[PDB]
Amino acid sequence: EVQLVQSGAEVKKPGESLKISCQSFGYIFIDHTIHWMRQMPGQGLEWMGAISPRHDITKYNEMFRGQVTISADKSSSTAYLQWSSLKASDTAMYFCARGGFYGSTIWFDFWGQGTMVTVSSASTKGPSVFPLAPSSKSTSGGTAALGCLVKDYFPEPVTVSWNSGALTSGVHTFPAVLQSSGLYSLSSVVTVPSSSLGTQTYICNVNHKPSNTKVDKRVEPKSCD
Amino acid sequence: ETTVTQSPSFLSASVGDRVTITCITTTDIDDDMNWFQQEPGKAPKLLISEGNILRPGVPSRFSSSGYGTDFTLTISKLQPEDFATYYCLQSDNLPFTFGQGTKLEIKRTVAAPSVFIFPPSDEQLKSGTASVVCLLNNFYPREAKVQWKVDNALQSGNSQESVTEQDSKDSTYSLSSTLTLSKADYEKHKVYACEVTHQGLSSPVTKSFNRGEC
Ligand SMILES: [Ca+2]
Ligand SMILES: [Ca+2]
């Protein structure tokens, strides 16, 4: 069975070089072409170029020529995509996809799983976790709202669970926002009953693997003058 | 390059509806038009090759049309699995160019947001930064405006927003807005308020608090 297996996620500082790979399983390498697609965060797909291993022919979209190099090792059926100096704007997901030769009829019937590339000034940093306490101005009707502010971390991702997985209904963990620092920041919230607040304990479990930071934070209510 | 203009950028429909996306090339591309579906966190999956060839396994409800410049995908009997993003791709000449995509949202009835404001925690204040947070919970449709106000002064450039994906169960959205100040500016001012406007509210709702009050 045909698989295109890509290399793992990358975090780099601007100006470093990077080479990501795509290994082809279950078909004869020289019989097809490998293509590279960029997909920047929250946007569409872009075709960067392609390599035909049978001929060593390499073709580029002109918007990428001279910023990246597509290559191949025939003996491992691997295609490469390479930058010599990264910019932060190269932050994106990169897919390889299989295609044909000039005049084929089927394109990108197979895709690798993608390689996320993050390019940034920032250095690895664990989050500070702050309570979003329930109160009276977080009391809808019989519905209260509480949560955790996971602030100032790098890179992505962090996970958040409530009551070591015991609490899952009403939970919203939002997309991180990148700060001018930055250093991402996100919040996880849950809606619970006003009455129970009271008698029930709420702790958020925050895991930032890149910095080997785990934190548990209790969210106790608050009293107003 | 052959430019491919896909439309609609976004689209709402109900399970069982019958939607159609269209892509227009700026150069002729005969029948060299392809269609992909992309679920989030996954790679694109091919649905239709050059000349409207349904790929082996693509369900009967998917279909394709066009020749020259104007091309259409058409999904009858929209099932739940089919809510995602769709892209078209011309394979007629280099560089390959994609449509900018179509995003498929479940249509449901209007729901007003539940709004909650959160003053900066005391732990955070002991480090010199204040983060005020405003939660808009479970609303539809997606459009919603947050206006932070500080002692009635409307704020700008002060905040960051983020929105969840559509909930699998209720098909609402939820929004978080964060107003970030230095601890110093925070203490300059008394009343901190979050003003939400949204089609499901006859008029804007405000949640407020007084610094110190709690
Ligand atoms: Ca053709
Ligand atoms: Ca052709």
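Note: ideal-geometry Cβ built from the backbone for every residue, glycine included; neighbour counts use all protein chains shown. All of the numbers you see were taken from the coordinates with simple rules; none came from a lab.
If a residue must be in a loop (DSSP other than H, G, I, E, B), closer than 17 Å to A:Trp107 by Cβ and either more than 16 Å from ligand 1 (Cβ to nearest atom) or more than 14 Å from chain A (Cβ to nearest Cβ) (or both), how many such residues does segment B:31-46 contain?
Step one: list which residues in segment B:31-46 are in a loop (DSSP other than H, G, I, E, B), which gives B:31-32, B:39-44.
Filter once more, so that each one left must be closer than 17 Å to A:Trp107 by Cβ: B:31-32, B:43-44.
In the following step, the residues that additionally are either more than 16 Å from ligand 1 (Cβ to nearest atom) or more than 14 Å from chain A (Cβ to nearest Cβ) (or both) were identified as B:43-44.
Residues in segment B:31-46 being in a loop (DSSP other than H, G, I, E, B), closer than 17 Å to A:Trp107 by Cβ and either more than 16 Å from ligand 1 (Cβ to nearest atom) or more than 14 Å from chain A (Cβ to nearest Cβ) (or both): 2 in total.
Of all residue pairs spaced 6 or more apart or on separate chains, none has beta-carbon atoms under 9 Å together with a first member in segment A:139-153 that is free of Cβ contacts under 8 Å to residues at least 24 places away in the same chain and a second member that is surrounded by fewer than 23 Cβ atoms within 10 Å (Cβ to Cβ) and of a type in the set (A, V, I, L, M). Residues of segment A:11-29 that are surrounded by fewer than 17 Cβ atoms within 10 Å (Cβ to Cβ) and closer than 24 Å to A:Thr124 by Cα: A:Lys13, A:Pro14, A:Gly15, A:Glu16, A:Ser17, A:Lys19. For segment A:51-71, the tally of residues that are surrounded by 14 or more Cβ atoms within 10 Å (Cβ to Cβ) and either small (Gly, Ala, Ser) or not in a loop (DSSP other than H, G, I, E, B) (or both) stands at 9. Checking each residue in segment B:47-66 for being more than 16 Å from ligand 1 (Cβ to nearest atom) and not β-branched (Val, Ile, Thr) picks out B:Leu47, B:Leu54, B:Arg55, B:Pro56, B:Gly57, B:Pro59, B:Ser60, B:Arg61, B:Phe62, B:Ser63. Mind telling me which of the residues B:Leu125, B:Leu135 ends up being in contact (Cβ under 8 Å) with a residue 24 or more places away in the chain, of a type outside the set (D, E, K, R) and at the interface with chain A (Cβ under 8 Å from one of its Cβ atoms)? Among B:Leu125, B:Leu135, only B:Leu135 is in contact (Cβ under 8 Å) with a residue 24 or more places away in the chain, of a type outside the set (D, E, K, R) and at the interface with chain A (Cβ under 8 Å from one of its Cβ atoms). Look at (1) among the hydroxyl-bearing types (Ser, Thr, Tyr); (2) more than 10 Å from chain B (Cβ to nearest Cβ); (3) more than 21 Å from the chain's Cα centre (by Cα) and you find that A:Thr139 fails only one, number (2).
For segment A:88-104, does any single residue satisfy the condition of being in contact with a helix residue (DSSP H, G or I) (Cβ under 7 Å, 6 or more places away or on another chain) and either polar (S, T, N, Q) or within 16 Å of ligand 1 (Cβ to nearest atom) (or both)?
Within segment A:88-104, not a single residue is in contact with a helix residue (DSSP H, G or I) (Cβ under 7 Å, 6 or more places away or on another chain) and either polar (S, T, N, Q) or within 16 Å of ligand 1 (Cβ to nearest atom) (or both).
Of all residue pairs spaced 6 or more apart or on separate chains, those with beta-carbon atoms under 7 Å, a first member in segment B:197-214 that is closer than 15 Å to B:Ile117 by Cβ and a second member that is polar (S, T, N, Q) are B:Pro204/B:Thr197; B:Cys214/A:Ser135; B:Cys214/A:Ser223. Within this structure, A:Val192 fails the test of being in a strand (DSSP E or B), in contact (Cβ under 8 Å) with a residue 60 or more places away in the chain and in contact with a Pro (Cβ under 8 Å, 6 or more places away or on another chain).
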